[PDB]
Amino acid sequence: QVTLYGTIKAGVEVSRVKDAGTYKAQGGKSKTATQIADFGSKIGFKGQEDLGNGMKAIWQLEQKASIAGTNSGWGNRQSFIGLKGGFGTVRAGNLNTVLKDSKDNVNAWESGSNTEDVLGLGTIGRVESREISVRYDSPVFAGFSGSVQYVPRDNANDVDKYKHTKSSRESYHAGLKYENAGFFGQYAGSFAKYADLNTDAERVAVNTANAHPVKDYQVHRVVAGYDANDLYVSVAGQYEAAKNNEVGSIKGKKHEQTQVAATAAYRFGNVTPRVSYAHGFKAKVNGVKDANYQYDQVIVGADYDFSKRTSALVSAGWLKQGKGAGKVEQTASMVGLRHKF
């Protein structure tokens, strides 16, 4: 039969930006923003049937479901149909990319969408997405699991099914994980010979306004540390690079940026203090060191677990972006509540 599940999560977030360019007030100070915000409440349906020969059918329909009433849609979170057996798992649908699944071991902070960059490691998680795709996941081979994912060209670009006037945006995603004696280490990455980027280095759909076409787009993520014995610690290294593919005098010219992230948390019975640091390095844009993309952020917080499904959350965030006169410093704090059903 079928299972219903979800997570409800919300809280109040206080936030303050200090931007020289956009803010009248002396110092460049914006005012306090005091807001009730949903942290991405979701609700889902999933089922499975045994087909007899050690093989199951699997499906999921998960949805964003903010308790502030700002969401609509079915299947807009990870949703699929698939088969599972001795050979492993195959799914097709609106699937978490391999790099998005690796978020658990990198970014565990709960946040409003307005504070996902300051109160969470949102910047390093700008390469996570959901894509319509087929995906394979291997069984666990003595602590080793792996996965491979592919986005078809015509799933990447519907307009051009029958007229390949635009280059293919087909993308490959792939991952290898190792867990043993609690210890964890994994590689996550993606490649697209052709892709498109926004100014925030997030990938955007082909034909989005102000999108910059790129070639040989590739992301590399590596995480390790581990998760057991009343303690968590992880570190992650992320590398991303592409080449300019906008005709003009910059075409073929090389983009890249390197990010690192560090998180540690220790559990005192029902209280789990946590700390996270992240660094966005110097960015090379069009083969030119560009300091606008460099950043330093630190998050501190803790979770009180009333039960194994209900937590209280608190956290504070410091974020500095760029260098020089065009600097943006974000500070925010939160108190919140979460329920998993």
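Don't overthink the numbering: it's just position in the shown sequence, from 1.
Requested in this report: Averaging only over Cα atoms, indicate whether 91-99 or 139-147 has the higher B-factor in the PDB entry.
Outcome: Higher mean C-alpha B-factor in the PDB entry: 139-147.
Query raised in the report: If you average the CA temperature factors over each stretch, which comes out higher, 234-242 or 71-79?
Result: Of 71-79 and 234-242, the stretch with the higher C-alpha B-factor average is 234-242.
Query raised in the report: If you check the C-alpha B-factor for each of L61, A37, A283, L313 in the entry, which is highest?
Result: Comparing C-alpha B-factors across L61, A37, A283, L313, the maximum falls on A283.
Query raised in the report: Mind checking which third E131 falls in for C-alpha B-factor across the chain?
Result: Bottom third by C-alpha B-factor.
**Report entry** Third assignment of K161 from its chain's C-alpha B-factors
**Finding:** Within its chain, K161 is a highest-third residue by C-alpha B-factor, going by the deposited values.
Query - Within-chain third of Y293 by Cα B-factor, per the entry - result: Tercile = highest for this residue's CA B-factor.
Query - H279 - Cα temperature factor, lowest/middle/highest third of chain - result: Tercile = middle for this residue's CA B-factor.
**Report entry** Third of the chain, ranked by Cα B-factor, where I250 sits
**Finding:** For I250, whose C-alpha B-factor we compare with every modelled residue in the chain, the answer is the middle third.
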